[PDB]
A.B. asks: 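Before I ask anything, here is the structure I am working with.
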Number of protein chains: 2
Amino acid sequence: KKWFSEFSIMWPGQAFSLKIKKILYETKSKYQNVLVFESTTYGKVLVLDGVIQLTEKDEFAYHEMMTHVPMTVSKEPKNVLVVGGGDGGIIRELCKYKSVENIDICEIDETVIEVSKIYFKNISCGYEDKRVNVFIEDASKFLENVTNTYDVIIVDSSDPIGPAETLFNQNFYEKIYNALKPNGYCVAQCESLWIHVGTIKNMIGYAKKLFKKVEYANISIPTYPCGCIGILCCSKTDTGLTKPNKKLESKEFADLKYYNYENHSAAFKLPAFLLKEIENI
Amino acid sequence: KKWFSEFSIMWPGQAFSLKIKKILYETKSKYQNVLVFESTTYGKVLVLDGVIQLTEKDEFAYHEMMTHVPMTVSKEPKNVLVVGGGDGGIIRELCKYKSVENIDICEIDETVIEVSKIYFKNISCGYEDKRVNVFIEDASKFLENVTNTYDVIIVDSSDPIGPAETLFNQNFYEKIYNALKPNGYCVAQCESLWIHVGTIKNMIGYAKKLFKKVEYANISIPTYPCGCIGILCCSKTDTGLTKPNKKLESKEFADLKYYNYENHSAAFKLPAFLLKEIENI
Ligand SMILES: C[S@@H](CCCN)C[C@H]1O[C@@H](n2cnc3c(N)ncnc32)[C@H](O)[C@@H]1O
Ligand SMILES: C[S@@H](CCCN)C[C@H]1O[C@@H](n2cnc3c(N)ncnc32)[C@H](O)[C@@H]1O
Ligand SMILES: C[C@H]1CC[C@@H](N)CC1
Ligand SMILES: C[C@H]1CC[C@@H](N)CC1
């Protein structure tokens, strides 16, 4: 069998590889190269522009922490926006909340959505839900135009190289600011503390220019570079996102595989070198 | 430039790779294959039997958490044992404690020690310290013979395949039990929650057969398989290892890069699926 290997200039001098059972689908969409394969040990794998975006084995770590962090802090969230997140993992976790009334998803590339509906039926099952509304558009354009404001905005983008390039700037964070309710929350995918401290420092400067509370958490996920991924957490109220305001005790949440009440706060407890870097910001 | 790739049957279907700047030393010692290279982005790298044992870039994460967890719980530790840990990283962190009077290290392979003294002079610098006593021996034999008992025992072994094979059993944990003071602590290297739950379940059954409190913590380290490594924490008193009994505030600790008072407790906050697996044990 052959191996898929994940090289990038965004993590120079290192690579992570998975063994391929069979290749399932490959294409050049309007925005990116799309690859789906079955791996021998991580289940099916979505690769976009050569970078692992998700695998069946560990996807729940990122989707649960990205969703249930902000959704346990927001008191009664009604209107939620997902930016990117074509695969549907976030949406799946959002549908567990009976209080949610609407879920807008703004994803630039419909190939991602359709591929996910076909090959990742346990991830993309949230699309069945009547509350979900799909907009195929650059979130950068979408956030300049939206009329609604949102209780939570979850930014589940790919890397700064490619289509997500328009989301890694000051102007984008202003649009997130204006699209949020007076007391709303944003969580954004924010790279790895092991290799991307320059970027984390930028993203935090952008956010702090606008939000009352910017906080950074970290998720263990083995198929992302360095085995972890940060979440940039932005708050309009002074309280922030480190403390859950509810426990997830209904039958909808009995199946949670990573998130719990205790590791919500823990994820915000960062290595010493990172804290040293991010407090003259 | 060529790439070093880390394959193993202990993590089938995945591999992590580093780019090689130059190979520094290679040998077949009495127990294992030894390789030292300079990588392009992770500094120098020690590989033993084809498995990355440490790199300069992230070694502090594992050494600080392995050492300062138990050393902040032990009230006034005088006599500390390191099992394995030929490179000297643990010893370096132990020497920061002015209360420590003796440090025995039991390492099977002196090639590891000497290679570390030559190529990893920032890791192996603790060997200068007059309190350190080196025993070249299988820890399995050493613990059956030692006359002293220890305040802390830190088990900083390699994987169950090879020389460390004798350390992954019930009998070994009895020897650790008998070599500890009435109120002493053991911390042992305990594989990755992402791939080694079978093993974690075994190690915990062995420990719980003997110790009042067995607890598991987790460290983010990018150059180990899945980007993380667990610590099996064993206690003879009912309190356990989750809570520091001191802050590391003296000039010796001003340089700490990972460990702090807050992420000591956080590391013990495990993903939901792992907790589900380890409590009918
Ligand atoms: C599939 S998801 C992978 C993470 C696991 N939930 C990453 C998505 O970000 C989308 N993306 C990237 N850039 C944009 C922009 N600019 N706008 C909207 N969506 C985007 C991209 O098409 C992926 O589907
Ligand atoms: C270098 S250390 C790497 C982790 C970073 N501190 C791993 C050590 O475990 C030793 N080891 C392995 N098995 C044993 C036994 N059985 N006894 C003592 N030491 C051992 C092995 O020689 C490495 O030096
Ligand atoms: C969701 C994102 C996808 C690309 C990154 N490299 C990891 C996390
Ligand atoms: C210290 C140990 C070395 C081998 C393991 N695979 C990672 C952690």
Side-chain angles (χ1 to χ4, degrees), chain A residues 217-220 242-244 247 258-272 275, chain B residues 61-77 80 90 93-94 97 150-156 173 176-177 180-193 197 200-201 203-221 228-249 253 256 258-281:
Chain A
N218 196 77
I219 320 166
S220 169
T242 72
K243 295 172 195 186
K247 300 189 185 184
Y258 192 97
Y259 180 95
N260 58 40
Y261 181 72
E262 303 227 285
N263 75 342
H264 178 144
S265 312
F268 288 85
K269 310 300 172 157
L270 300 174
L275 294 175
Chain B
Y62 176 78
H63 293 137
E64 290 181 15
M65 295 292 306
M66 281 281 278
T67 307
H68 305 312
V69 155
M71 293 291 293
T72 48
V73 178
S74 221
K75 286 165 186 178
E76 263 271 320
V80 170
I90 304 307
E93 300 301 322
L94 292 176
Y97 295 92
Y150 296 95
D151 295 292
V152 178
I153 298 183
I154 299 164
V155 176
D156 171 18
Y173 275 94
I176 286 180
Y177 186 82
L180 282 160
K181 299 275 169 55
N183 46 10
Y185 301 96
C186 186
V187 297
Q189 183 267 109
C190 202
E191 304 313 339
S192 167
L193 61 91
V197 171
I200 298 161
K201 292 189 88 202
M203 290 311 99
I204 285 170
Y206 298 158
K208 284 198 154 185
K209 220 95 170 69
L210 292 157
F211 294 82
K212 264 194 179 282
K213 258 295 205 311
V214 179
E215 292 153 312
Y216 192 97
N218 196 77
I219 320 166
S220 169
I221 170 139
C228 72
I229 189 70
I231 315 161
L232 184 71
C233 303
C234 307
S235 260
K236 287 222 207 152
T237 58
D238 41 61
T239 43
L241 280 142
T242 72
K243 295 172 195 186
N245 276 312
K246 75 198 82 157
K247 300 189 185 184
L248 301 174
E249 276 168 22
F253 302 88
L256 287 188
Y258 192 97
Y259 180 95
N260 58 40
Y261 181 72
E262 303 227 285
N263 75 342
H264 178 144
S265 312
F268 288 85
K269 310 300 172 157
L270 300 174
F273 82 87
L274 179 56
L275 294 175
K276 213 229 157 193
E277 279 293 331
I278 63 182
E279 205 77 347
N280 291 314
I281 303 180

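Values reported hereafter were calculated over all heavy atoms of this structure, with side chains retained and with hydrogens, waters and symmetry mates removed. So you know, we letter chains A, B, ... as the sequences are listed, proteins then strands, and number each from 1.
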A.B. asks: So do the side chains of B:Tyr206 and B:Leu232 get within less than 4.5 Å of each other, counting heavy atoms only?
C.D. replies: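 Not touching, per the 4.5 Å side-chain cut-off.
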A.B. asks: For B:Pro70 versus B:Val152, what's the shortest heavy-atom pair and its separation?
C.D. replies: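 In this case the closest contact between B:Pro70 and B:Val152 is CB-CG1, 3.8 Å.
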A.B. asks: Determine yes or no for a side-chain-to-main-chain donor-acceptor pair under 3.5 angstrom, with B:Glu64 supplying the side chain and B:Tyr259 the backbone.
C.D. replies: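 Yes: the side chain of B:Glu64 pairs with the backbone of B:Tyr259.
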A.B. asks: Is it the case that the side chain of B:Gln189 and the backbone of B:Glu191 share a donor-acceptor pair, with hydrogens and angles ignored and the cut-off at 3.5 Å?
C.D. replies: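 Indeed, once roles are kept as given, a pair shorter than 3.5 Å links the two residues.
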A.B. asks: B:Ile154 and B:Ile90: which non-hydrogen atoms are nearest, and at how many Å?
C.D. replies: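 That would be CD1-CG2, 3.7 Å.
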A.B. asks: Mind checking the NZ-CZ spacing from B:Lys246 to B:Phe253? Nearest 0.5 Å is all I need.
C.D. replies: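 B:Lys246 NZ to B:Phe253 CZ: 8.0 Å, rounded to 0.5 Å.
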A.B. asks: Taking all heavy atoms of A:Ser220 and all of A:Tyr258, pick out the closest pair and write down the distance.
C.D. replies: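 The answer is N-OH, 3.4 Å.
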A.B. asks: Distance from B:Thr237 atom OG1 to B:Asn183 atom CG, nearest 0.5 Å?
C.D. replies: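 Answer for the OG1-CG pair, B:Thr237 versus B:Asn183, is 6.5 Å.
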A.B. asks: Quick one: does any side-chain atom of B:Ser265 pair with a main-chain N or O of B:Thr242 as donor and acceptor, under 3.5 Å?
C.D. replies: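 Between the backbone of B:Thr242 and the side chain of B:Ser265 there is a qualifying donor-acceptor contact (under 3.5 Å).
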A.B. asks: Counting only heavy atoms not in B:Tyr177, do more than 12 fall under 6.0 Å of its OH?
C.D. replies: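 No, because the 6.0 Å sphere around OH of B:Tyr177 holds 12 heavy atoms or fewer from other groups.
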A.B. asks: Do the side chain of B:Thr67 and the main chain of B:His63 share a donor and acceptor less than 3.5 angstrom apart?
C.D. replies: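 Yes; judged by distance alone, with no hydrogens or angles, the pair exists.
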A.B. asks: Quick one: CG on B:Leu193 to CG on B:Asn218, what's the gap to the nearest 0.5 Å?
C.D. replies: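 B:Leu193 CG to B:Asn218 CG: 4.5 Å, rounded to 0.5 Å.
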A.B. asks: Measuring from B:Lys208:NZ to B:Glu215:CD, what's the distance to the nearest 0.5 Å?
C.D. replies: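 So the gap between those two atoms works out to 9.5 Å.
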A.B. asks: Heavy atoms only: give me the nearest B:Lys213-B:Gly240 pair and the separation to one decimal.
C.D. replies: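 That would be CB-CA, 4.2 Å.
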A.B. asks: Testing the basics here: between B:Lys236 and B:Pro182, what is the closest heavy-atom pair and its distance to 0.1 Å?
C.D. replies: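 So the minimum-distance heavy-atom pair works out to CB-O, 3.3 Å.
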A.B. asks: Hey, mind stepping through B:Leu248 and B:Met71 against side chain to side chain contact (heavy atoms under 4.5 Å, CB included) and telling me if it holds?
C.D. replies: CA-CA 10 Å; B:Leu248 301 174; B:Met71 293 291 293; over 6 Å; no
A.B. asks: Got B:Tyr261 and B:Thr72 here, is their nearest side-chain heavy-atom distance under 4.5 Å?
C.D. replies: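 No. Closest side-chain heavy atoms not under 4.5 Å.
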A.B. asks: Taking all heavy atoms of B:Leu241 and all of B:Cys233, pick out the closest pair and write down the distance.
C.D. replies: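 What the structure gives for the nearest pair is CD1-CB, 3.5 Å.
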A.B. asks: Would you compute the distance between atom CD of A:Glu262 and atom NZ of A:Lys247 and round it to the nearest 0.5 angstrom?
C.D. replies: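 It is 8.0 Å, given to the nearest 0.5 Å.
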A.B. asks: Can you tell me if B:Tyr216 uses its side chain to pair, donor with acceptor, with the backbone of B:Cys190 under 3.5 Å?
C.D. replies: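 Yes; at least one donor-acceptor contact below 3.5 Å.
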A.B. asks: Could you measure the distance from the CG atom of A:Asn260 to the NZ atom of B:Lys276? Nearest 0.5 Å is fine.
C.D. replies: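 The NZ atom of B:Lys276 is 14.5 Å from CG of A:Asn260, to the nearest 0.5 Å.
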A.B. asks: Do we see a donor-acceptor contact under 3.5 Å between the side chains of B:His68 and B:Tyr97?
C.D. replies: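 Per modelled atom types, B:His68 and B:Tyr97 side chains form a pair under 3.5 Å.
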A.B. asks: Given 3.5 Å as the limit, does a donor-acceptor pair link the side chain of A:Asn263 with the main chain of A:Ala266, or not?
C.D. replies: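 Side chain of A:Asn263 to backbone of A:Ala266: no pair is present.
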